[PDB]
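In: model the structure of this input:
(8 chains)
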Amino acid sequence: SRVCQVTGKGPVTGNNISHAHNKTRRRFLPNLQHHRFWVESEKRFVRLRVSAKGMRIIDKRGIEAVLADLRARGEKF
Amino acid sequence: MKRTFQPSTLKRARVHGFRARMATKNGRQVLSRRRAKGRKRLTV
Amino acid sequence: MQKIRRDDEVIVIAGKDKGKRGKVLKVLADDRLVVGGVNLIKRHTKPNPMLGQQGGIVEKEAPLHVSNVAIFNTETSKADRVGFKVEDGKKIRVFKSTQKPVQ
Amino acid sequence: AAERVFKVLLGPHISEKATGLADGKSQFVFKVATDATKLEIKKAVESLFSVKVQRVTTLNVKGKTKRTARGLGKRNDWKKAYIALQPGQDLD
Amino acid sequence: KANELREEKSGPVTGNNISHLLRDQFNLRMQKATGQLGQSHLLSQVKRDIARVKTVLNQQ
RNA sequence: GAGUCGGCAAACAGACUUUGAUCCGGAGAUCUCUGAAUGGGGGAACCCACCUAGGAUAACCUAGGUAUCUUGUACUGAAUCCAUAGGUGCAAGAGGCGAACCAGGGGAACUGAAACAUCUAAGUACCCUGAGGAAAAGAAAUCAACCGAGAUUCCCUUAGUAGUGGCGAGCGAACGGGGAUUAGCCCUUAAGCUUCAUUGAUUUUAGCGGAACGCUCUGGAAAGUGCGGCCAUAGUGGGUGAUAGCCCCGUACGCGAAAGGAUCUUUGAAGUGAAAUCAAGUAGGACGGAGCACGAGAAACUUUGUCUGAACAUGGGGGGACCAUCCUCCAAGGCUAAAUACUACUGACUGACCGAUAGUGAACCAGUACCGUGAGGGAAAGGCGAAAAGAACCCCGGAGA
RNA sequence: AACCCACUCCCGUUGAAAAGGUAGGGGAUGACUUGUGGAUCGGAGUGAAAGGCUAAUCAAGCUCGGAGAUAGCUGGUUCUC
RNA sequence: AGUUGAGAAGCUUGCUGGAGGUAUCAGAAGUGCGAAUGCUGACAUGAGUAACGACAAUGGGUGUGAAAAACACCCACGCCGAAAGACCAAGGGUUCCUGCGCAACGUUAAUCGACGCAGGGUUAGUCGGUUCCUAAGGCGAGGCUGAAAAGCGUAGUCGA
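Out: Numbering: from 1, shown residues only, chains lettered A, B, ... in the order given. Below is the structure:
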């Protein structure tokens, strides 16, 4: 489903207030894309569907640290 | 003057049967309602 | 644990046939007793087929309630309540007015 | 099994049709256990009545349905074997 | 009774006892099927005798 | 401790029991097929298998296994060299059902506003996912005003108040009190909770004993009438042929357990709590939302879908825009009993509750009969007599009614 | 002709029938008729199109819930002086 | 039935009934019914009226019986005969057959019955199914996707 595999960001819900203040149920989707991340210590790519906030977290913490606790949680890659 | 119930035991058992009800979520809760009401048949 | 067994002399306390003595034949499960010689019933019986035979009006005895009979004493010749006072390891049923065992 | 010889045969079905068939042919109609194959009620007749069986035919019987107060009640569906024997050799 | 069945009757002795008194149940049902069974309590009690030998065959 | 072979269902057979049946409780044994149904299928209660071990004479039979997933581990190993995917075997665990209670995900419309859009109804109903006997929350980056209080939950108030609102319909606090409850431990490794083994103790699953009334009248029958008693840690219980403390079962009151279970308590043991090391893509901010009683409004505080993005105890956030000065706390790691909610289910007791059109839909063989293709809808039907003593026999009649 | 249909009259309308019967009528080797199994479903299907059909129900099926919707409307409201 | 009160109503009694009732004064209400095209049962009126289900069609004899227009048998008459005949699938589920029956059911009567009670009857290597195979379509390990529920699908394995 549309959850980031790094952050767990799924879709959330809210409203669509008009100028006459009609509220309508919409939904807020994460900016999740597919990205291949190079791991040196495995000599391959892993391809995980992450948000852009997850991309920034990979940039800050390293792919090895995030890929360590993806599998403690028990994700695919 | 053909009427609206034309009986077939196979179409009976495949639309309304036990395994058809227990294949889906809503039919499993048909059986749990119809078992909670205490009915003798529960698969008709 | 019951007050009245079969091989047991009783009198009838407050029935039709009260004051009459008898021995207990049958102790029914709905706490009613068949007692010999009292509550005599005239049952009209059809005679039987299959070469069976029972005659017509047979005269048997009806069950009466266990509250309607009391244990007869044969020492004071009175109705006496029974109890379970005397024992060493074996419960005997004992008379209550005189504390002497029912036997 | 060492058992199941004593469990399959449930008694001779007595009827006018069974009687005339036991007299005329050599065929004896037994009521048998409702899950009994043709060969385990052939070995049982050969074991218990000490005969040579040449054929067994079978037929399930539906139990009849009786109406009363509190609805329809059904009798038990039962099973029925015809035991063809050699033309002498009548079983007892 | 059952402690009579435990008294030195082994695996094979009670095992032989079952197939002995299953002949009894067979012959009682054979007599029930015809008219030639007068006393009907034997039919009920061979069941519970087989039940007792199969009870004492688990426990050893 | 004397009868019994359950009920409608009374009789009848063949029988069982003082050498102790039936019955009642505890522990076992068996436990067919279906159904999460799990060897593979399938139209539920059916069909067809494989492997191992043992037994069986051209036919089988017994006892074990044989689902998927997740986690852990062993062996094996593709493109591709190394090793990864993958695959085979083991171990452990899961799945389903249940009236409610709880925490979350998604979420109406009728209605009201005397129309109706904001708003309300209402985060309700419904659907979904988890957990437990409760859950959740919880040990101050909390409130107060220069005085102070100290976790959370629940109740009564402050108060229909301040606010909030097409400032309409409406929605609605807090400070401060009064209480129910009582505890805080740790990330230099703890309380606590589990599971075992023990230490005594208590309860529960069955039972045992359990006082004291006679005469008389009417009557079918006395418990009622008239008279005289007795018992009482037992007197407004049930039914016994009419209304009984003393006739029976009981009651107050004492006793009681081979064996199980449950709660509490010792005193060890293995675990867990437990995430590592005081918290960074975090606080803050810009847009778009949601919540806070608060319709973004002077709008604080919380949360975040997108985009960004700090300081480091001479830091940092809160005190309802914002700014100084004071006051008060230490967020980005956790775990925590009680007070609290609920009752499909048991047991006892109770009712100015109903008494057969009432009370459950259902006193009776009722979620039945019946109606629908289904989901689903859904009845009607109690009373002889104290006891069957349920009418032997005769007559008319069709061996009737 | 069977089969499928349903143009006309009459009957029937409390029917033999909740859509028929009897006389006649149209197609009848095809864009035919039909069995058996399967697929599509409620602002949603399917429609050689008529708002037709979707279990005798259709300008939004049935059932159960929100729900005792709402009704400035209609009807009713029980003994005595 | 009598009687007493302005009334709602009260009191006394004959018969029935055969086990409960409640002066008084207070407390409490599921507290009073003729209407709501009110609910549910019983029963009227219409009325012993209309009908009795295709206008193939019946007439005697004999029997059985309590009783025969209707049952059975005989004689004769009609009617169908691309069915009103024989049969298979589906659907039904004992209706089949034989004894005994006739209350109710049968649009009348019934001795008859698709009705009641009780018995019996359904025999397969070859006919149908299972088993083997697949079509449409279903389900679908893993897998892709989706707030959840789930959707779609590969290997597969069901499905005439």
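
In: C-alpha from now on. contacts and neighbour counts both.
Out: Will do.

In: can you pull the contacts of residue C:33?
Out: C:24-27, C:63-66 (CA atoms under 8 Å, 6 or more residues apart in numbering or on different chains).

In: is it fair to say it lies in a strand?
Out: Yes: assessed by DSSP: H, G, I helix; E, B strand; the rest coil, residue C:33 belongs to a strand.

In: that one and residue E:56, how far apart?
Out: Note on residue C:33: its distance to residue E:56, by CA to CA, to the nearest Å, is 43 Å.

In: kindly report the residues of chain E close to RNA strand F.
Out: Taking CA under 7 Å from any atom of the strand as the contact definition, chain E meets RNA strand F at E:38-42, E:55, E:58.

In: and those, which of them are buried?
Out: Using 16 or more other CA atoms under 10 Å in any protein chain shown as the burial test, the residues of chain E next to RNA strand F include no buried residue.

In: what's the closest of the residues you listed to residue A:29?
Out: Nearest to residue A:29, judged by CA to CA, of those is residue E:58 at 65.6 Å.

In: now do the same end-to-end measure for stretch D:33-45.
Out: Taking CA to CA, stretch D:33-45 runs 13 Å from one end to the other.

In: the residue in chain C that RNA strand G sits nearest to in helix, strand or coil?
Out: Distances between chain C and RNA strand G by CA to the nearest atom of the strand are smallest at residue C:30, namely 46.0 Å. Secondary structure assignment for residue C:30 (three-state DSSP): coil.

In: how about residue A:70?
Out: What three-state DSSP gives for residue A:70 is helix.

In: and it, how many neighbours?
Out: Applying other CA atoms under 10 Å in any protein chain shown, we find 16 residues neighbouring residue A:70.

In: ok, the closest residue in space to it that isn't next to it in sequence to residue A:69 distance?
Out: Using CA to CA, 6 or more residues apart in numbering or on different chains and skipping the chain neighbours, the partner closest in space to residue A:70 is residue A:6 (6.8 Å). For residue A:6, the distance to residue A:69 equals 9 Å [CA to CA].

In: okay, those two: which has more neighbours?
Out: Neighbour count, other CA under 10 Å: between residue A:6 and residue A:69, residue A:6 has more, with 20 against 12.

In: how close does the residue nearest to residue A:70 sit to residue A:35?
Out: Distance of residue A:6 to residue A:35, given as CA to CA: 12 Å.

In: hey, what's in contact with both of the two?
Out: residue A:50.

In: please identify the helix or strand for the residue nearest to residue A:70.
Out: Assigned by DSSP states H and E, residue A:6 falls within no helix or strand.

In: is it fair to say residue B:26 lies in a strand?
Out: No: using three-state DSSP, the assignment for residue B:26 is helix, not a strand.

In: residues near it, how many?
Out: Residue B:26, neighbours per other CA under 10 Å, totals 11.

In: go on, residue D:9?
Out: If you count neighbours by other CA under 10 Å, residue D:9 ends up with 25.

In: I'd assumed residue D:42 was in contact with it.
Out: No: using CA atoms under 8 Å, residue D:9 is not in contact with residue D:42; the gap is 9.9 Å.

In: from chain D, how far out is residue B:12?
Out: According to CA to the nearest CA, to the nearest Å, residue B:12 stands 23 Å off from chain D.

In: in a strand, residue C:24, correct?
Out: Yes: counting by three-state DSSP, residue C:24 is found in a strand.

In: report the separation between it and residue E:52.
Out: From residue C:24 to residue E:52 the distance is 38 Å (CA to CA).

In: ok, residue D:70 next?
Out: For residue D:70 relative to residue E:52 (CA to CA), the value is 38 Å.

In: these two: which is more packed in?
Out: Set side by side, residue D:70 and residue E:52 show more neighbours around residue E:52, with 15 against 6, by other CA under 10 Å.

In: leaving out chain neighbours, which residue sits closest to the more buried one?
Out: Once flanking residues are discounted, residue E:52 sits nearest to residue E:2: 6.4 Å by CA to CA, 6+ apart.

In: need phi/psi at the spatially most central residue of chain B.
Out: Closest to where the C-alpha atoms of chain B average out (CA atoms, centre = their mean) is residue B:16, at 3.0 Å. Main-chain torsions, residue B:16, degrees, to the nearest 10: phi -110, psi 10.

In: same deal with residue B:32?
Out: Dihedral angles (degrees, to the nearest 10) for residue B:32: phi -80, psi -30.

In: compute the number of surrounding residues for it.
Out: Applying other CA under 10 Å, we find 13 other residues in the vicinity of residue B:32.

In: hmm, the one helix or strand residue A:60 maps to in reach of RNA strand F?
Out: For residue A:60, the enclosing helix or strand under DSSP H and E is helix A:52-61. Yes: using CA under 7 Å from any atom of the strand, helix A:52-61 reaches RNA strand F at A:52-53, A:56-57, A:59-61.

In: now the residues you listed: which count as buried?
Out: With burial judged by 16+ other CA under 10 Å, the buried subset of those is A:53, A:57.
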